[PDB]
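Trainee: Can you keep this structure in mind? I'll have questions shortly.
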Amino acid sequence: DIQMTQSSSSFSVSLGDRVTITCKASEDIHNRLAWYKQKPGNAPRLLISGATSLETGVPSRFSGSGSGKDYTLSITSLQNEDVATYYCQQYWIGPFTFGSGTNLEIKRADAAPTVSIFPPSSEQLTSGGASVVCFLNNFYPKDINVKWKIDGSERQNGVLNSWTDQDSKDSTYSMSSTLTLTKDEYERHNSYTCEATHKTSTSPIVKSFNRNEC
Amino acid sequence: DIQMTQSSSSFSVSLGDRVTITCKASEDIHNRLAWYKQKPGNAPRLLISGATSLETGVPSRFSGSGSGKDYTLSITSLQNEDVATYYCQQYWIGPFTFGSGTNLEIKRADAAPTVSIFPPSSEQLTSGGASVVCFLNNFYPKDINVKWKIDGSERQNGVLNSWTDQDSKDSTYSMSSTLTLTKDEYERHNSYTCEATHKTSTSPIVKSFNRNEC
Amino acid sequence: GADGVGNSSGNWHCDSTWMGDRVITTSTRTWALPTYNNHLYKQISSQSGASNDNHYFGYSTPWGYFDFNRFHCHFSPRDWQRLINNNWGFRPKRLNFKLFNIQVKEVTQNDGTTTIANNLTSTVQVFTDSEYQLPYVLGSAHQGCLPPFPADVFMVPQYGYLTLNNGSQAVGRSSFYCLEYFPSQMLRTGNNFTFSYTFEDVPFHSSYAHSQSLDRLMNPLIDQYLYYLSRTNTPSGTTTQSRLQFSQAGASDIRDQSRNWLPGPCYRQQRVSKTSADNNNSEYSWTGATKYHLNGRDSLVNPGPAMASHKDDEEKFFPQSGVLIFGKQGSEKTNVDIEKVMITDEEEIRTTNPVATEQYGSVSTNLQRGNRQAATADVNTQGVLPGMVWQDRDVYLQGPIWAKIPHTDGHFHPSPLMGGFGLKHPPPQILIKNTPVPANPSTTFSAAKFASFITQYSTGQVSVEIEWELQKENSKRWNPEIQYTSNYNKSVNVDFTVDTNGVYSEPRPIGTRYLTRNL
Amino acid sequence: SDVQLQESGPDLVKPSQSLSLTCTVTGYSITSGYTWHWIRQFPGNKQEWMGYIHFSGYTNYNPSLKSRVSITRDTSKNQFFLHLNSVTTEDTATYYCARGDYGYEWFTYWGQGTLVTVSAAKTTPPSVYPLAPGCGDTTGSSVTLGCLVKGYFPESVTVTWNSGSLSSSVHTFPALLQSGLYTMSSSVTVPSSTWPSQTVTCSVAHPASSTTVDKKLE
Amino acid sequence: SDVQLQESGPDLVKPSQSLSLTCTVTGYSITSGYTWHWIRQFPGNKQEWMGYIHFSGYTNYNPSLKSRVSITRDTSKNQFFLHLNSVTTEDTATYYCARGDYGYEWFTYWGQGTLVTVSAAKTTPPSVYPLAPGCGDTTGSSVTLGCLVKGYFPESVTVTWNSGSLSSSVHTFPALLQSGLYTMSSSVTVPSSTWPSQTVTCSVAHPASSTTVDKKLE
């Protein structure tokens, strides 16, 4: 099989900028190469075929070039619609093979996270479990940290953190952090706190609640 | 098309120093290469043509050399007039193509910024907006930081910072920082402060005003 | 021929000599040849959906071929001019070909850095299909012939062909020819490949324009003796009463004169004008263009049957597909604007063949009688008729030179329609490929097809000399003929010259009819 | 990013079992042109080409898959099918059907894709817990609520919100596996003047276990 | 840096429209020598050569542009013109006309350049706000004032100051786009003994919208 390798695994870019992606083949493809675009949670779409021919309806901003082993895809001025992962595909010989893909995150200004803490529900406590959650919504850049403290002391075990994909509109990120304990352990303490540490400040955004307040 | 690549993207230099810029062509130009100088907000001017011939009226300090693929422009002793971006151009074949350009910033001693804070105007407040501005004038080096604090707490959103080009005379830089909020949010606080952090000190230059002082 | 490594396998012959009756145009150029389809034959077809009129099925081959079916691969402006200015006609007689100084290089793209070097041993093999067992491609006005300008280096075209197809798919009868199934001769450096050909009695291309014309051909001074139908009805006091009377055609009568021969045939074309204005606004590029159709796919009728491109005073017009059109050096591939092309004009014929845009004549429809007016109708398509006579499309320096007459049960007057010489057995197709170079194989055996070869291409020069015959002028015409000249007035660039950046360019298309012979 | 075509099939399949998917095409006829292909994407990211069926009905398969793949077609229905036998865990992926502008080029139209998970691991429905404010202060202008969807297995659940406000901000957090089970969450922000006042409910659907649980907030 | 030649033309053009610019030359005749060229610079920085017209009237164009560019001349007026059809946003740039010492070398004289923006984005005039000291202390030796020019679109505004002092220090801050609109500012420092005492006014001109707004400080 012919192996295709794509250059940058990921790029971040904003509307208006020019981006270039590269794809090289293990053997001479003879311009039988196509480029596809894939949005998150979406299927791929055909941008270019024959290395340089634009598919119908594709905007002129997209262009492709290359020959032999190396090909390139260029986007003159990025548009919001442009966020997606791009794959190159060779159809010189079977089996057809795809490149690893390049993720283009288009989306911005720094934004501090809106933080919210949530105690365990009665339904979960009934089943013997106890999960405390903290949502850190609409922030940028992506890198963020959450510290869980039970009665002032950190807790490292029982944590699940999930970041969302970059927002297609405002280009911010959100993160959900859940600390799971048993109902027994949970009822052994009062104050539950999550501290969000982000670039937008020196002092962490801190939220908490006391288990005997109800 | 023949592609021209210019070496240093940017150089900083002071009057009297010697500077050298390089330009290389994708293919043999045969000394059909010219050098141009362009000041900010100004159009380009012809320094040298034929790789080594000085244009009439050009000072002897400028000189060019090269052959084949690689050419170089040298300025023996920089003059104040010399600040500008320099481009090489090939006229071996059509279409004529230019290099990316090299920015020569000529202008110096460290200088702390003169800082000024300005409240929103009545005219803007009338329209429902509220922009607070801080001018940080005549400083060096270029790198500087402005922190906006509303009632003591930092504010990261709604900021526009613009640096000027290096001053053609004193070689310093100035920067304008605007924090835009809505009139509603603005009237929710009293003290507005901008802290300027620069190389010239450990303690930031701080300016501020209280919204109920009028 | 054969020899060593430090030995030029041939010299550079690029002259042109006139002998009064013959004239030999020798010519050599440097070329280059890559390795196509990465060494394999690939099946190829139309794009599934694509309009039916555009389907196809066939193959592309790792083989590249040679071609000089363009007059300017042999004539140099000047030369051509000599010819074209003092000869009632001319034709090709024999030729001689030779490839030599072949050299095989091998590029090495190690990381960010390529490095070409000599692969001395490796070979390039050539072979001429002298038995015409291969789909004759040349003659199809393809582009990849020789550079008009010597100094120009060129790339060799790749061989591909087409068989039968039922839409985008193959049909059994369709054949698949394999180029290795021939006995290629293998050249290594110090090796050359020569071969020679001889043309077959063909007619001298008529390189003259006619002074008389079919209609105006008899002698003014004398009225004929045959009578024609002058009038039908006649004055009867107030009213006319039918009474046919006849007259004897004279000079004043001319239009009515009796004759002996008919204009060439025709196939009506739409008229368009060089003047944007006039032209109806819309898309009748395809919809309105004259065409024909086989097996349900309408194809275009380009280079329509030879017929004059515009009546007197209308150099501004032309057929939609009745003329030859070349690009001005540089002109891009598609939808380029009128200003980027050079359109040929065939007014010179007017005298014998019909005008492309206007009907042949007009035949009568009904049979008249007292209670029935005389009908009539114009004819837009007239197939050959006895007594018809005509002229074939002129040639043009940068035009085709010849074309193979298809092997069929029947042909009718084979002057190729795109113009040129119609040959039964034309100059055989010459092919060339680079014997593959298996790059490093694995120690342990595998019976799979080899797929990893050494990256490499070839180069070297090629030479073609051809002997043409001539028919010299000979008219008692007193007053000066027309000749082809170059403009006197100053110009920023000489015609048929290299610009400031050394880019040779042909300013205009140059025909062949200048000298004037009577009809 | 964008396209047309629809795939259908079971979300869950037991290992040694066979996977069968159907692709229904609209706006075009399976005969008369184009080859219809099947491609799959493992959860990591890569795309892999499985094989195709021509308008004429001829098929070609990827050599890796060839032994256990079969592609067929039903012209009447305008559908083409994929059958993959002897499924393994590695087979878990999103399967797409796509059209191939044929002759010279490739895949012009793609389907939405269907996620297929191969597990015996046992199919487990999620436990859905409402996330309502825990603090000693009444909300300001707007309020954020959520729903934790915990301990389910075959991937893919869908959280749908129902609120009073015709304007809201929703965040669906990507599911992550820990100790062999999936957990995910979702949040919604609405005007404070519309929640305790007007009911907000999250509806969680887990097709793999034929479950759907609605949790009202508060 | 320095030169001569002047370009003129509209600052704003709608997309599919055609751009027409004129270059008027003085101190030299368009005929008799030299080729007159057109070059453009995108806001980022690069220079691109569009094409030229010879003294004889012959023209050559860049292949990229060739299909939609036309260069003509009016000898009587001593002007040469540029026409670019089917303009796109990419066409936004500063356009320069230049003379080419011909034969061996190139561009001896250049024009000032004219900025042309291609936008439908809608042309929007700026809101000009006066920046006067906000503090509880009277100024020392000199005072800094300014003017914020906010939310306008087609680039290029010109802030001109008018003060009592015949000596001042002015800073024009480069315009920057945020959310599809431009914002810029300018500052002036004058002797404290001349401001509240003698009027200072900023005049802001935005040719694209045929506007000019003067704001007196204080």
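Each chain in the structure tokens gets a letter, A, B and so on, in the order shown; residues start at 1 in every chain, and ligands are counted from 1 in the order they appear.
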Run DSSP on the backbone of this structure and report the residues of stretch 13-149 of chain D it assigns to strand (DSSP E or B), as a VMD selection string.
Mentor: chain D and resid 13 19 to 24 35 to 41 47 to 53 59 to 61 69 to 74 79 to 84 93 to 100 107 to 110 114 to 118 127 to 131 142 to 149
Trainee: Suppose we keep C-alpha atoms; can you now write the selection as an mmCIF file, in the first residue's frame?
Mentor:
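Below you can see part.cif, which holds the result:
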```cif
data_model
loop_
_atom_site.group_PDB
_atom_site.id
_atom_site.type_symbol
_atom_site.label_atom_id
_atom_site.label_comp_id
_atom_site.auth_asym_id
_atom_site.auth_seq_id
_atom_site.Cartn_x
_atom_site.Cartn_y
_atom_site.Cartn_z
ATOM 1 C CA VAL D 13 -22.639 -5.986 17.723
ATOM 2 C CA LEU D 19 -22.013 -6.466 11.070
ATOM 3 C CA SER D 20 -24.588 -5.383 8.541
ATOM 4 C CA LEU D 21 -25.083 -1.783 7.485
ATOM 5 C CA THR D 22 -27.257 -0.195 4.833
ATOM 6 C CA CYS D 23 -26.707 3.008 2.905
ATOM 7 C CA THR D 24 -29.760 4.657 1.420
ATOM 8 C CA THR D 35 -19.056 3.612 -7.458
ATOM 9 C CA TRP D 36 -20.346 3.500 -3.926
ATOM 10 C CA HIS D 37 -17.736 2.947 -1.248
ATOM 11 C CA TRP D 38 -17.511 2.138 2.426
ATOM 12 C CA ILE D 39 -14.971 3.818 4.679
ATOM 13 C CA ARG D 40 -14.513 3.620 8.411
ATOM 14 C CA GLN D 41 -12.918 5.800 11.061
ATOM 15 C CA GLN D 47 -9.831 6.969 7.791
ATOM 16 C CA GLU D 48 -9.612 3.504 6.236
ATOM 17 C CA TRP D 49 -11.075 2.537 2.859
ATOM 18 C CA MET D 50 -13.029 -0.738 3.040
ATOM 19 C CA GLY D 51 -14.104 -1.348 -0.576
ATOM 20 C CA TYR D 52 -16.675 -0.399 -3.210
ATOM 21 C CA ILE D 53 -19.445 -1.547 -5.551
ATOM 22 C CA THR D 59 -16.878 -4.919 -6.391
ATOM 23 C CA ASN D 60 -13.333 -4.316 -5.123
ATOM 24 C CA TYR D 61 -12.191 -4.715 -1.556
ATOM 25 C CA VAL D 69 -16.190 -8.266 3.764
ATOM 26 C CA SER D 70 -19.019 -8.370 1.284
ATOM 27 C CA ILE D 71 -20.713 -5.444 -0.400
ATOM 28 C CA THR D 72 -24.052 -5.827 -2.145
ATOM 29 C CA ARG D 73 -26.771 -3.673 -3.606
ATOM 30 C CA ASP D 74 -30.550 -3.422 -3.934
ATOM 31 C CA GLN D 79 -29.520 1.004 -1.196
ATOM 32 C CA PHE D 80 -26.166 -0.682 -0.939
ATOM 33 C CA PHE D 81 -25.096 -2.885 1.921
ATOM 34 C CA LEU D 82 -21.994 -3.803 3.866
ATOM 35 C CA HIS D 83 -21.482 -7.131 5.589
ATOM 36 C CA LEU D 84 -18.466 -7.699 7.779
ATOM 37 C CA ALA D 93 -15.590 2.602 14.402
ATOM 38 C CA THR D 94 -17.847 4.973 12.558
ATOM 39 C CA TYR D 95 -18.806 3.591 9.188
ATOM 40 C CA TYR D 96 -19.445 5.848 6.238
ATOM 41 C CA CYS D 97 -20.771 5.197 2.782
ATOM 42 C CA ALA D 98 -19.631 7.485 -0.005
ATOM 43 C CA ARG D 99 -20.096 7.991 -3.732
ATOM 44 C CA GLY D 100 -17.130 8.103 -6.019
ATOM 45 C CA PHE D 107 -15.501 10.451 -3.180
ATOM 46 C CA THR D 108 -17.938 13.256 -4.074
ATOM 47 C CA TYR D 109 -20.740 12.548 -1.594
ATOM 48 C CA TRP D 110 -20.509 11.100 1.998
ATOM 49 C CA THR D 114 -22.979 5.401 11.953
ATOM 50 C CA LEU D 115 -21.033 4.421 15.011
ATOM 51 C CA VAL D 116 -20.730 0.711 15.556
ATOM 52 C CA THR D 117 -19.270 -0.668 18.730
ATOM 53 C CA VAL D 118 -18.271 -4.250 19.124
ATOM 54 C CA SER D 127 -27.368 6.712 35.238
ATOM 55 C CA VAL D 128 -28.502 10.293 34.652
ATOM 56 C CA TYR D 129 -28.076 12.779 37.467
ATOM 57 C CA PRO D 130 -29.343 16.409 37.471
ATOM 58 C CA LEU D 131 -26.777 19.112 38.192
ATOM 59 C CA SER D 142 -28.378 33.755 34.181
ATOM 60 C CA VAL D 143 -27.940 30.284 35.614
ATOM 61 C CA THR D 144 -25.996 27.191 34.576
ATOM 62 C CA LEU D 145 -27.463 23.743 35.123
ATOM 63 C CA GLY D 146 -26.304 20.386 33.845
ATOM 64 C CA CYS D 147 -26.702 16.637 33.694
ATOM 65 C CA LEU D 148 -24.138 13.960 34.437
ATOM 66 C CA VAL D 149 -24.590 10.789 32.347
#
```
Trainee: Can you pull out every residue within 7 Å of residue A:207, counting only C-alpha atoms, but drop anything in the same chain fewer than 4 positions away, and send it as a PyMOL selection string?
Mentor: chain A and resi 116-117+193-195
Trainee: I need the chosen residues saved as a PDB file, in the first residue's frame, with C-alpha atoms.
Mentor:
```
ATOM      1  CA  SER A 116     -19.834  26.468  38.580  1.00  0.00           C
ATOM      2  CA  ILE A 117     -19.790  23.805  41.326  1.00  0.00           C
ATOM      3  CA  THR A 193     -14.074  23.140  46.603  1.00  0.00           C
ATOM      4  CA  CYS A 194     -12.683  23.263  43.060  1.00  0.00           C
ATOM      5  CA  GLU A 195     -10.048  25.821  42.115  1.00  0.00           C
TER       6      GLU A 195
END
```
Trainee: Quick one: which residues from chain B are at most 9 Å off chain A, using only C-alpha atoms, as JSON, numbers by chain?
Mentor: {"B": [154, 155, 156, 157, 158, 159]}
Trainee: Those residues with N, CA, C and O atoms, as a tab-separated table (two decimals), in the first residue's frame please?
Mentor:
```tsv
chain	number	residue	atom	x	y	z
B	154	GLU	N	-8.31	42.31	37.80
B	154	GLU	CA	-7.94	42.37	36.39
B	154	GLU	C	-9.14	42.14	35.47
B	154	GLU	O	-10.12	41.50	35.84
B	155	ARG	N	-9.02	42.68	34.25
B	155	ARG	CA	-10.03	42.56	33.22
B	155	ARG	C	-9.25	42.18	31.96
B	155	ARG	O	-8.35	42.89	31.56
B	156	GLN	N	-9.54	41.02	31.38
B	156	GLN	CA	-8.83	40.60	30.17
B	156	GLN	C	-9.61	40.84	28.87
B	156	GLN	O	-8.99	41.03	27.81
B	157	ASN	N	-10.94	40.82	28.94
B	157	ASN	CA	-11.75	41.02	27.74
B	157	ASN	C	-12.09	42.44	27.34
B	157	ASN	O	-12.30	43.31	28.19
B	158	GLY	N	-12.16	42.65	26.03
B	158	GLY	CA	-12.47	43.97	25.50
B	158	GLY	C	-11.25	44.87	25.39
B	158	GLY	O	-11.38	46.08	25.58
B	159	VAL	N	-10.08	44.30	25.06
B	159	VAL	CA	-8.84	45.09	24.94
B	159	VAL	C	-8.21	45.16	23.54
B	159	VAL	O	-8.07	44.15	22.84
```
Trainee: For residue B:55, list every protein, DNA or RNA residue within 10 Å, evaluated using only C-alpha atoms, and leave out those in the same chain fewer than 2 positions away; present the list as a PyMOL selection string.
Mentor: (chain B and resi 34-35+45-50+52-53+57-59+62) or (chain E and resi 108)
Trainee: Would you save the residues of that selection, restricted to C-alpha atoms, as a PDB file, in the first residue's frame?
Mentor:
```pdb
ATOM      1  CA  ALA B  34      17.453  45.600  -8.197  1.00  0.00           C
ATOM      2  CA  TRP B  35      17.113  46.810  -4.635  1.00  0.00           C
ATOM      3  CA  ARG B  45      12.668  53.982  -3.912  1.00  0.00           C
ATOM      4  CA  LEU B  46      15.331  52.516  -6.211  1.00  0.00           C
ATOM      5  CA  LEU B  47      18.736  52.089  -4.606  1.00  0.00           C
ATOM      6  CA  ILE B  48      20.627  49.766  -6.918  1.00  0.00           C
ATOM      7  CA  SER B  49      20.095  48.146 -10.273  1.00  0.00           C
ATOM      8  CA  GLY B  50      22.022  45.553 -12.237  1.00  0.00           C
ATOM      9  CA  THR B  52      25.777  46.597  -8.290  1.00  0.00           C
ATOM     10  CA  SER B  53      25.031  49.867 -10.000  1.00  0.00           C
ATOM     11  CA  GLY B  57      21.779  60.433  -6.190  1.00  0.00           C
ATOM     12  CA  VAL B  58      22.224  57.379  -4.015  1.00  0.00           C
ATOM     13  CA  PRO B  59      24.935  57.724  -1.443  1.00  0.00           C
ATOM     14  CA  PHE B  62      25.021  51.649  -0.277  1.00  0.00           C
TER      15      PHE B  62
ATOM     16  CA  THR E 108      13.056  54.536 -11.167  1.00  0.00           C
TER      17      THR E 108
END
```
Trainee: Mind checking which residues fall within 6 Å of residue E:206, counting only C-alpha atoms, ignoring those fewer than 3 positions away in the same chain, and posting them as a tab-separated table (two decimals) with C-alpha atoms, in the first residue's frame?
Mentor:
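Output below, filename out_2.tsv:
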```tsv
chain	number	residue	atom	x	y	z
E	157	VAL	CA	-8.86	57.82	8.37
E	209	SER	CA	-17.91	57.50	3.76
E	211	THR	CA	-17.19	62.12	6.50
```
Trainee: Which neighbours of residue E:180 fall inside 12 Å, counting only C-alpha atoms, when residues of the same chain fewer than 4 positions from it are skipped, and could you give them as an mmCIF file with N, CA, C and O atoms, in the first residue's frame?
Mentor:
```
data_model
loop_
_atom_site.group_PDB
_atom_site.id
_atom_site.type_symbol
_atom_site.label_atom_id
_atom_site.label_comp_id
_atom_site.auth_asym_id
_atom_site.auth_seq_id
_atom_site.Cartn_x
_atom_site.Cartn_y
_atom_site.Cartn_z
ATOM 1 N N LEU A 15 -9.996 33.383 11.297
ATOM 2 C CA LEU A 15 -10.600 33.773 10.068
ATOM 3 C C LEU A 15 -9.696 34.794 9.437
ATOM 4 O O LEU A 15 -9.222 35.713 10.105
ATOM 5 N N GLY A 16 -9.405 34.632 8.128
ATOM 6 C CA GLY A 16 -8.641 35.605 7.402
ATOM 7 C C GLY A 16 -7.225 35.167 7.173
ATOM 8 O O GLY A 16 -6.590 35.639 6.232
ATOM 9 N N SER E 119 -15.056 45.965 -0.319
ATOM 10 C CA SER E 119 -15.956 45.511 0.692
ATOM 11 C C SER E 119 -17.343 45.814 0.232
ATOM 12 O O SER E 119 -17.556 46.703 -0.586
ATOM 13 N N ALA E 121 -18.314 43.715 3.470
ATOM 14 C CA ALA E 121 -18.735 44.510 4.615
ATOM 15 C C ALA E 121 -19.162 45.923 4.234
ATOM 16 O O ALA E 121 -18.581 46.541 3.336
ATOM 17 N N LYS E 122 -20.167 46.430 4.939
ATOM 18 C CA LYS E 122 -20.716 47.755 4.690
ATOM 19 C C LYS E 122 -19.813 48.910 5.144
ATOM 20 O O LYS E 122 -19.191 48.851 6.208
ATOM 21 N N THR E 123 -19.719 49.954 4.327
ATOM 22 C CA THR E 123 -18.915 51.105 4.702
ATOM 23 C C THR E 123 -19.546 51.720 5.949
ATOM 24 O O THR E 123 -20.744 52.026 5.952
ATOM 25 N N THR E 124 -18.734 51.933 6.982
ATOM 26 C CA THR E 124 -19.192 52.509 8.250
ATOM 27 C C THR E 124 -18.296 53.654 8.727
ATOM 28 O O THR E 124 -17.071 53.512 8.817
ATOM 29 N N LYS E 150 -13.433 55.161 16.595
ATOM 30 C CA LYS E 150 -13.933 53.802 16.705
ATOM 31 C C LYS E 150 -15.061 53.285 15.814
ATOM 32 O O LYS E 150 -15.962 54.022 15.435
ATOM 33 N N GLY E 151 -14.967 51.988 15.502
ATOM 34 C CA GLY E 151 -15.952 51.276 14.704
ATOM 35 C C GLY E 151 -16.232 51.711 13.281
ATOM 36 O O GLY E 151 -17.392 51.817 12.879
ATOM 37 N N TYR E 152 -15.188 51.928 12.493
ATOM 38 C CA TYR E 152 -15.382 52.353 11.112
ATOM 39 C C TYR E 152 -14.887 51.209 10.259
ATOM 40 O O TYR E 152 -14.165 50.358 10.766
ATOM 41 N N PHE E 153 -15.275 51.125 8.990
ATOM 42 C CA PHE E 153 -14.764 49.986 8.256
ATOM 43 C C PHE E 153 -13.709 50.147 7.192
ATOM 44 O O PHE E 153 -12.572 49.710 7.386
ATOM 45 N N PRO E 154 -14.083 50.666 6.012
ATOM 46 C CA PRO E 154 -13.015 50.780 5.011
ATOM 47 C C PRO E 154 -11.864 51.515 5.686
ATOM 48 O O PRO E 154 -12.092 52.548 6.325
ATOM 49 N N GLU E 155 -10.676 50.911 5.665
ATOM 50 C CA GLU E 155 -9.507 51.510 6.300
ATOM 51 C C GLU E 155 -9.118 52.850 5.742
ATOM 52 O O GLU E 155 -9.463 53.222 4.614
ATOM 53 N N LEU E 176 -6.527 48.796 13.886
ATOM 54 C CA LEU E 176 -6.620 47.343 14.067
ATOM 55 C C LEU E 176 -8.078 46.887 13.999
ATOM 56 O O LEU E 176 -8.970 47.502 14.601
#
```
Trainee: If we count only C-alpha atoms, what is near residue A:177 at a cut-off of 8 Å, once residues fewer than 6 positions away on the same chain are taken out, given as a list in words?
Mentor: residues 133, 134, 135, 146, 159, 160, 161 and 162 of chain A
Trainee: Select, as a ChimeraX atom specification, those residues of chain A with any atom no more than 8 Å from chain D (distances computed using only C-alpha atoms).
Mentor: /A:32,34,37-39,42-46,49-50,81-84,91,94-101,116-121,123-124,133,135,160,162-164,174-176,208-210,213
